[PDB]
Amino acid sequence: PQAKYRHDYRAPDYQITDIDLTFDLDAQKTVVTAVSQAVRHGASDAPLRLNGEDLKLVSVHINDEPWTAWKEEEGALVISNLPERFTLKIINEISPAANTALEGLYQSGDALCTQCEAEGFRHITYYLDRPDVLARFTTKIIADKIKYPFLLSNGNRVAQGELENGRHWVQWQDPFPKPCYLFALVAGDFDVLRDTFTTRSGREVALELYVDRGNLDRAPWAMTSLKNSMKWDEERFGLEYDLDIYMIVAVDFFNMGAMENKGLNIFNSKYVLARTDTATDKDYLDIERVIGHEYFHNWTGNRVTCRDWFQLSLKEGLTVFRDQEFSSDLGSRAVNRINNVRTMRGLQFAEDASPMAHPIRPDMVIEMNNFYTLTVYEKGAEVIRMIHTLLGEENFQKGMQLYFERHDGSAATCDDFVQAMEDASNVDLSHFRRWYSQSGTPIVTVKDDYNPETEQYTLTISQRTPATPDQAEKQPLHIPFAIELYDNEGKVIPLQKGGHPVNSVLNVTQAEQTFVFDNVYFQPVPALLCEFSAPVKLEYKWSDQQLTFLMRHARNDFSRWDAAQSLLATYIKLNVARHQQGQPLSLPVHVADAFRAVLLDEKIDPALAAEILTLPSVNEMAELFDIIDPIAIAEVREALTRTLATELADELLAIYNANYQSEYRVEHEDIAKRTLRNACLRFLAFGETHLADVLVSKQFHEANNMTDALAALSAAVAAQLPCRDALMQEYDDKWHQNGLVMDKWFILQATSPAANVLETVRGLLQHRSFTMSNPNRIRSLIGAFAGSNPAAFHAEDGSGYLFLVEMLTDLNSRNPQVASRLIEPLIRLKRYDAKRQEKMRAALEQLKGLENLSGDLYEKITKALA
């Protein structure tokens, strides 16, 4: 299977302007009739190359004439000798029941539904399956009325009829041209939650949420988030929905989280269904963020789409930025920034040093579904955010407005978007564009000096990005580098030079650069890379006291958290080295004291305190090291937890009790208090065993909501408390019939620190709530084991690797997209010690040998073995 390259992009030889589809639907054999109006733009001798995969062709007509000038090759139907304008009619057959890959048209339970992004439409009919070809669709669907009473596609119901033999049809029309990745079709039986939203100019939009029969009780939060999403986009971006109806369908069987199909989003039911006894605060916030995300794509993705798939970030990075701003405006900005930065430094950095490293705009791709990445999404968004940081809100909004004014109704490029921001703002973003073409994480090194004779503070900032597996050449970037300088009272010193204010966002554009500030009347404590102003590794020689001083005085709550992370980092590294030498945890009294002060500070926002009291995950810890020792990291997180539990037991308990809430509310202050309370519980679980066991069992049984129940159950597993097996058994007995709820329990099993966890995971393949046919169940058991239990996954006997090989040998054939997400842990072999690396390499070599190796895996494996 061969790589496509971004610099090979060329405009298509043909366009399609309109497509009329008819689906005679049936799970065994669906007959598809596609009538496209087409226009030749290239040369007469150039043929029309239509993509198609696993299609049985029935016939080809050109202006109603049966066509003899064509041939089928691998993945294509090539048609010659066409006039300039013509009508193409294709009839073909497909088989949804056989589609275990869940790409194109497939079954989810008794429903039929689609997934077309990136290149799924070509599994439905022969088409120009590329996103610079935009067409107006009309979709007629014919099906059995009893199995499929709801027949849905994009746009508005414009026709309908009854047929003989219990069949009926419905025809839909969507007036906006679209690329085919945004086609959807759903056929099934559903309960439907109906509501409306009136836009700010007065358009009444009908909202419809389709869920499986029985689940209407879990739907109102998603509807409420949808309305909140529509409203925020109006207030913040000035954007209104542009259709009459907005449908979302919740399906249980989905490779993805959710998909923005125009006017008919299809969502994984994990991002829709919530009730207080089944869903945590985190699930509610996620539903809100994901509903918003797909909604935001209506502009940033649909009204302006992507010229080609190498431009994916144009929509996903910008739309992530949007969903982050939405969550942040509605909730706690600081908590959002904090967690997004956790993801960046702990997962996206790992990617950007792995064999799969790529720029946010890739240059080379073999399987495009492999590039829906942490890089494209999260670093993508950080790149948008830097543009925002350089321009300010007002200018950023002007650039958004110019982007739409220019590109509404067409497919654009990343470079188009940058250009609009540049032209609208008059900020020069030439050098800035290098963030789109250069992979890897820059290292920004800072040295300082205070001169008391001249009252000048001097910052010497330098950058470099190391070579990555994909690129040997690197150059300096335009790094927006935000600073604040604090005096000995905790006040900000005005930034100035030669009697003029200076912007506090410094433009770090060279390999090495000095900035000098004047009238710095006291030696400053600096806050550097404020709010993570660029997605870079900061190297600065902090003292502990500088960091604790920032924990106390920094203006932005993010910086208080960040200082505390820098404070811990030094001691995480210390203690991992110690653990390798068989030594126990060492932690200075003054560090413990800094955390005691956060617990007992009565002015601190509880939401902030909770994050400072949530230790960096094993993944964030892992990025502090060149070579990763996953067992030492896991053990050091546990020991650091046990030591703060002991040092802070009385304060932990007091704060636990003080934050008790009798009423459960999905409201930001309540969530903050609850998050702090459960953070204290976590520590307490690792303290004195009998208290631990009592607190945890009691919270589990008395909880009036799943947040509090799961925090307890999870602490029981994490600390291996006596009550653990009984609580786990109870949860299963109550919840086994509910897949989404069981996902959490599978995650807990998979991430257990118990010595026999692998054996338990193998056995859970036979559990009544588990099935290899369901991507969620697979992600929750196997994915969680491999990706989120690195200690057990990297057991020295290599048992973890052999297990993953066995699961991937199945999934490579069954559902390559899922297999590909699951292989990610194995491709990080170069970060491990030689012996682990040998075993991971043999594992990869074995998968490389599979018969019918999917392209999705092939891409990753060959990069990993290079």
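Just count from 1 along the sequence shown to find any residue number.
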Legend entry - Stretch with the higher entry mean CA B-factor, where the candidates are 848-856 and 14-22: 848-856
Legend entry - Residue stretch of maximal mean CA temperature factor, 729-737 vs 389-397: 729-737
Legend entry - Peak C-alpha temperature factor (PDB record), options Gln565, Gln513, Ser313, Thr413: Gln513
Legend entry - Residue with highest C-alpha B-factor in the PDB entry, from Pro131, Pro442, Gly783, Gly490: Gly490
Legend entry - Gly498 - which third its CA temperature factor falls in, relative to the rest of the chain: highest
Inset, instruction - Could you say whether, by C-alpha temperature factor, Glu72 belongs to the lowest, middle or highest third of its chain? - result: highest
Legend entry - Lowest, middle or highest third - CA B-factor, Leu804: middle
Inset, instruction - Rank-wise, by C-alpha B-factor, drop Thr675 into the lowest, middle or highest third of its chain. - result: middle
Inset, instruction - Please rank the C-alpha B-factors of the chain's modelled residues and tell me whether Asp323 sits in the lowest, middle or highest third. - result: lowest
